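See structure below.
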Amino acid sequence: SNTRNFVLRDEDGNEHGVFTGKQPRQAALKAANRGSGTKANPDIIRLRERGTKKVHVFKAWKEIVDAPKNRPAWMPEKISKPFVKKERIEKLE
DNA sequence: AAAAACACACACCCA
DNA sequence: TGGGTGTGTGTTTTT
């Protein structure tokens, strides 16, 4: 087992919080929570990976859609779906 | 193309 | 309270 953290950065060089996961799929998911505009509106952020020598940058957007179905009580109703658009993960060896 | 990331093995995983 | 498909372990999809 192994766990790589991620440090989300904004746009002006200022970084926000730090994630503690592993899979880029669910990591990029929470990155799109920027809230830039609404549905249609491009955005680009870069989370520095805290573990391996690699830069993480991807485009992502959110769409307000859904409704109270069978989601766990804490987070029901409707949520803006984030689109993990793999821009380019940099490499370093 | 080669590093970087994903496929189910299981069912998990945090406020 | 279970989303949505994680981690784990190998390699696969990525890049």
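Simple scheme: letters A, B, ... for chains in structure tokens order, numbers from 1 for residues in each chain, numbers from 1 for ligands in the order shown.
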* Residue hits in chain A, query chain B, radius 9 Å, only C-alpha atoms (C1' of nucleotides), as a PyMOL selection string -> chain A and resi 23-24+74+89+91
* Neighbours of chain A in chain C at 7 Å, counting only C-alpha atoms (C1' of nucleotides), as a ChimeraX atom specification -> /C:1-3,8,15
Selection file, C-alpha atoms (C1' of nucleotides), as a CSV table (one decimal), in the first residue's frame:
```
chain,number,residue,atom,x,y,z
C,1,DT,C1',-26.2,7.0,6.5
C,2,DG,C1',-23.0,5.0,0.4
C,3,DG,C1',-21.9,8.1,-3.3
C,8,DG,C1',-3.8,-3.2,-4.1
C,15,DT,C1',0.9,10.9,-21.1
```
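Considering the residues A:28, A:92, A:47, A:40 and counting only C-alpha atoms, residue 64 in chain A has its shortest atom-to-atom contact with A:40.
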